[PDB]
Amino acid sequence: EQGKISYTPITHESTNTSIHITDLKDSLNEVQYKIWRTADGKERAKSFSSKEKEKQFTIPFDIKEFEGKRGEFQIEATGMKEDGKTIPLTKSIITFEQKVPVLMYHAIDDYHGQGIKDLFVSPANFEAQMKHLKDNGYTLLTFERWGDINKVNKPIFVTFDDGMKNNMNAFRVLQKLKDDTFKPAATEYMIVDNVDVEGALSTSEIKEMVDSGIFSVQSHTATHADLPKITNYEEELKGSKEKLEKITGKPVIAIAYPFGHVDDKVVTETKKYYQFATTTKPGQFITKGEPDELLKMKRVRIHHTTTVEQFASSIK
């Protein structure tokens, strides 16, 4: 191989770059760049040609060429020599960060006054919302697959706060929609000291959820503590993690801050035991390389009266 692909640096806001190639030994009348998204696969590659040696075979690359789809792009360069032969040159990777909606659900039930109205999404609505994700080719992830957000199409994280029994309704809907094409996954943030108490998930229910492969069960602290206000951080953060890990049989790496209450101190303590933390601040996540950004993740709130159309717009 003879290589060194170079491109102009990008940020999370970039939509274009300039790609050229240097350190060539052979003389070429043409170089082809084959470019494809890892999520789509080699079969959906698009090709670009440059016959300009003096400009180091520069090409403009813009994601409008892929209908504004972002993520990881693989670049494969080949050249045609002066003797008619086509040779391999080199390969490279460029990654346009994609946005990641993190959905916040709480209770999945019809409302009978059994809590905060806005926190209840009906089974019919929930099914409609999940079917919209299925039909439009969203890839439902959990935090164990964080490394894949730029390698899949339309990544999204469905999350549930508290560990309510009615989240078994969500489990049944997700099971029912599963098939060869659609592999649902979701994250449940459990109040760990509520395991096996009335109205909360039992140990056997949690185990069924995890064993199915659909749910990743993660921390919501031990007692749903107001984190900025307490000092028993080891107990609420590390203790909830460890207790929950023996229930699930799988690592606990994520937390949701109760009440959405967080400050610099809470982040400092959380970082000792968790890799990912979600707030209740509205918005979609994108990787910017800001300090501790994985521990201050925004979420998209779904409301009692949210229609599929409102839902769809909130995640685009």
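In case it trips you up, residue 1 is the first one in the sequence shown, and so on.
Between 205-213 and 88-96, the higher mean Cα B-factor belongs to 88-96. Looking at 151-159 and 72-80 together, the entry lists the larger mean B-factor for 72-80, computed on C-alpha atoms. The PDB entry gives the largest Cα B-factor of the residues 228, 199, 113, 101 to 199. The residue among 37, 261, 55, 281 whose C-alpha atom has the highest B-factor in the PDB entry is 55. Ranked within its chain, residue 218 lands in the lowest third, by CA B factor from the PDB record. Sort the modelled residues of the chain by CA B factor and residue 182 lands in the highest third. Among all modelled residues in its chain, residue 45 ranks in the highest third by Cα B-factor. In the deposited entry, the Cα temperature factor of residue 28 places it in the highest third of its chain's modelled residues. In the PDB entry, residue 256 places in the lowest third of its chain by CA B-factor.
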